[PDB]
Structures are given as C-alpha cells and as structure tokens.
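For reference, the chain that follows is the form deposited in one PDB entry, supplied as structure tokens.
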C-alpha cells in the first residue's frame, strides 16, 4: 500500500470577490490532514470514513466527488499511456467532529487527495500548476460554483496569493476538447507564495455552526458589485504587502478593511458568534475576521504580541469558541 495526505485551507482575505476571474485571494494552508491508502486489488473498492459503507465504481451520490475524480484521472493516465486498473482506496481523517465539518475545505482536499493517490500508485508526478488543473477539472466538469482557491492552497500547502481564472471558460474547453489539449493551455491563474516577515500567532476559532459553501455563494453572489471587487483586490494586495514588509499596524488595518467589505456585502456572512469572535480583538495588537463563506465555520486571527494572544484566547474561551488550530507564523 501507498499512503498520501492533503492539508486543509482557510481564506485570510479575498472571499467572494475571488469568484470573479482575475481577482485575488490570500489563502492559508492548515496542517490538519485528510489521508488515503491505495493499492492495486482484484476489484474496485472505495471507502471514506465520512460514510458507513464502501462502493465500487458504479455511481453513488455520497461518493460522486471521489468517483468523478477517479474518472478524470482515468483519462489523465490514458494520456500518459497508462490504463486504470482495480484498486482499493481508503480515505480517512474526515475534517469534522461530532458530525459537523470544521470548514477547512474538505471538498477540495479530497479531490487533491484522490489525484495524489492515483499519481503515487502509478508512479507519476505533476508540478503544482498541473495538480491544480487536474483537481480543478473535476470541479469544473460537475459545474461547481467555487473559485478553486481551496485547491490552489491545498495543492501548494503554503500561504498563497491566488489569482482566479475564468471557470466558465475552462469548463467550456473541457466539454468541447480533449483533456491533454486543455491541460497544456495557459489557464490564466496564478498561485504564488507569500512569506510574512514578522513574528505573529495565527489562531483559528471554530464556531461549531456548519455553513454550506455552495449555499452561501448561491445566495450572496448576486450582491457582488464592482465597488466591492475593486476594493477587495486592493485590500488583498495591501495585506500581502503589509505581511511581506512586516508591518503589524498595516496588517491590522487591511484585515479590518477586508472584514468591513464582507460585512457590507451580506449580513449573512457574520453570524453573532463570528462577530463576537472578531470583536474580541478590537483593543489588542491583534486582528480577526470571518474566514471563507462565513455563515458559520471558522474565524481567523493574527496576533502580534504575547499579551494580545493570551487575552484573545481567554476571550474566545469564554465566548464558546473552540480554538481549532494555532501556529507561530
């Protein structure tokens, strides 16, 4: 057996705006892993601990995302002169607790995970951009309403500055042209590392209220206007520059602008608990905001001194917020 793993992700800035082609988002990798075990066998067997039953390749709704990923990979392997053969695949480490997902991008992680598993099983490797394209193709083919930012971050497993591409356009290419031709074209996206140059604690507060990404996007996308898109893009650029220049005060400023833009976009993004999560940092050398589609899941914080981190943690503790993850940037 060969084992592989994929991380999770959490947006720092650029949410919603990133849905429009050419926009920017700053996305952070989270080392909480989805894991897989794969080996050739005499029949196809696929099991994910998110469910209480296994399936083979015959279509099943619970497993459709995984099966569609395998199907796309069957085509990729063909391009590379390889034929799909029966294998047993086990997926575990579901990014949920007590039946509730954390909000770490499990959908995107499992697609990258399965692509990684089949590549490893077939002794093949692909670079970062190709991995992103292969995993993105799966979501594009099923008409996903996401920006693919989660795939960009998980593929890179780093804090990345992601520039979105036109998903409707690439999906059209995939429906009309052979996969190799589509993969070889420049899609027009960008994924690059952002390395902060100052010390700081990164905290993740889980509100334990599940928020469905596709539902949030479906209802809030109509609220997106140009003023928001322009402001968001500038804010992501300024935040990246602040992190790279190591200026705490400018980071606090831009994260606050990002948060206010989200609040203005929709009253559904900030739930009372997500709002309390960011309010807990208002008088500290730290800053916080909702992360992702909002409507539940997690909030993130960046703290610039020991005292601020201690107080922020105590406040979140008293607020019923679970400290899901913490890291010294």
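Shifts are known only where both forms have a C-alpha. Residue numbers count along the first chain shown, from 1. Basically, rigid core = biggest C-alpha set you can superpose within 1.5 Å across the two forms.
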(Q) Please compare 315-323 with 11-19 and say which has the higher mean C-alpha temperature factor in the record. (A) 315-323
Q: Determine, for stretches 275-283 and 30-38, which one has the higher mean CA B-factor as deposited.
A: 275-283
Q. Which of these, 154, 134, 170, 211, has its C-alpha atom at the highest B-factor, as the entry lists it?
A. 211
(Q) Looking at 127, 166, 186, 150, which one carries the largest C-alpha B-factor according to the PDB entry? (A) 186
Q: Using the B-factors in the PDB entry, rank residue 56's C-alpha atom against the chain and give the third, lowest, middle or highest.
A: lowest
Q: Could you tell me which third, lowest, middle or highest, the C-alpha B-factor of residue 44 occupies within its chain?
A: middle
Q) What third of its chain, lowest, middle or highest, does the C-alpha temperature factor of residue 233 fall into? A) middle
Q: Classify residue 252 as lowest, middle or highest third according to the C-alpha B-factor given in the PDB entry, relative to its own chain.
A: middle
Q) Compared with the other modelled residues in the chain, in which third is the CA B-factor of residue 115? A) lowest
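Separately, the form deposited in another entry exists; it is not shown, and the next lines address it.
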Q | Conformational change between the shown form and the other one, one of 193, 218, 128, 168, C-alpha moving 2 Å or more after core fit | A | 218
Q) With both forms fit on the core, has residue 256 moved 2 Å or more by CA between the shown form and the other one? A) no
**Q.** C-alpha of residue 96 off by 2 Å or more between the shown form and the other one on rigid core
**A.** yes
Q) Which is it in the other form for the CA atoms of residue 100 and residue 8, closer or farther than here, knowing they shift by 3 Å or more? A) closer
Q: Can you tell whether residue 110 sits closer to or farther from residue 98 in the other form than it does here, judged by CA atoms, where the change is 3 Å or more?
A: closer
**Q.** Residue ranges moving between the shown form and the other one (criterion: at least three consecutive CA positions shifted 2 angstroms or more, core aligned)
**A.** 47-50, 60-62, 94-100, 212-219
